[PDB]
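Computation of the quantities below employed the complete heavy-atom set of this structure, encompassing side-chain atoms and omitting hydrogens, waters and symmetry-equivalent molecules. Numbers here are sequence positions counted from 1. Both counts, for ligands and for their atoms, begin at 1 and track the order of listing.
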Amino acid sequence: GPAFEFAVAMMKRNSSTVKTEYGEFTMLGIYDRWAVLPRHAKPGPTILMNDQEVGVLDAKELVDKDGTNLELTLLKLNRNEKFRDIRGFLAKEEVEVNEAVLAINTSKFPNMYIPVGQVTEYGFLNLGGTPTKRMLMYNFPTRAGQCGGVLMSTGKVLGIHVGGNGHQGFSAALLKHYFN
Ligand SMILES: *[C@@H](CC(C)=O)[C@H](C[C@@H]1CCNC1=O)NC(=O)[C@H](CC(C)C)NC(=O)[C@H](CNC(=O)C(C)(C)C)NC(=O)OCc1ccccc1
């Protein structure tokens with residue numbers, strides 16, 4: 001319940017629906033004009049944010065010290081409004097919680113929430129055939145179209161949904177130091 005209430009308020013304030021040439025995704029704005037998308041959203045020079053064209057000034061595909069994929073892309077938007085700073089909700093390291101909610105906000109899944117329960121630091125995962133690190137895992141039957149969904153618990157934004165299959169889902173940990 002507390003996770004859900006936190007999630008609903010967070011999505012209302014910081015999330016948006018974005019369309020790239022590769023699909024429609026839930027997007028979370030972090031601070032200033034910087035947001036995050038799963039790496040496979042592959043944002044080009046402009047994106048559609050809440051149905052309006054927005055230019056992308058910069059986009060960084062995140063990888064660790066050894067070049068291993070982290071499945072997240074950070075983008076700086078060409079817009080005047082600034083995102084409410086939610087960096088204080090981002091942990092310094094991978095979070096594990098007993099009750100988390102996954103929040104999705106797109107045309108296909110309009111403001112929908114999923115109780116995914118326990119989140120464990122899974123870590124290494126060959127994801128879609130690509131070695132990936134800092135994965136968080138939860139047991140729930142996720143679906144295509146849910147990528148970009150925001151994984152949260154009471155007072156915490158843990159990561160962004162990037163994959164899954166069968167009845168497991170995985171998020172890339174959204175760490176504080178990715179934004180300084
Ligand atoms: C969101 C992105 C889109 C286009 O909607 C999906 C979410 C997942 C679909 C299945 N359930 C979901 O929650 N993400 C993908 O489809 C994801 C894409 C990558 C990183 C670009 N690929 C996976 O989610 C996932 C990767 N592999 C594994 O999880 C295992 C267990 C096999 C290691 N699996 C998947 O998409 O199906 C298998 C697969 C398809 C194609 C290539 C490789 C594996």
Colleague: How would you list all residue pairs meeting salt bridge (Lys or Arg N to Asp or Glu O under 4.0 Å) that involve residues 53-62, not counting sequence neighbours?
Modeller: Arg39-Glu61

Colleague: What residues form a ring pair (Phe, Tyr, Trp, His ring centres under 6.0 Å) with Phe109, not counting sequence neighbours?
Modeller: none

Colleague: Would you say the ring centers of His161 and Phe140 fall short of 6.0 Å from each other?
Modeller: no

Colleague: Please say whether the positively charged group of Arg87, taken as NZ for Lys or CZ for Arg, lies over the ring of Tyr31, i.e. under 6.0 angstrom from the six-membered ring centre and within 45 degrees of the axis.
Modeller: yes

Colleague: With rounding to the nearest 0.5 Å, note down the distance linking OG1 in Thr130 to CD in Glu71.
Modeller: 7.0 Å

Colleague: Around ligand 1, what residues show up once you keep those with a heavy atom under 4.0 Å from it?
Modeller: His40, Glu71, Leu125, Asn126, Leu127, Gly128, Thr142, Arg143, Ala144, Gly145, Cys147, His161, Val162, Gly163, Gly164, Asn165

Colleague: Give me each pair satisfying ring pair (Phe, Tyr, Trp, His ring centres under 6.0 Å) with a member in residues 59-100, each pair once, sequence neighbours excluded.
Modeller: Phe6-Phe89

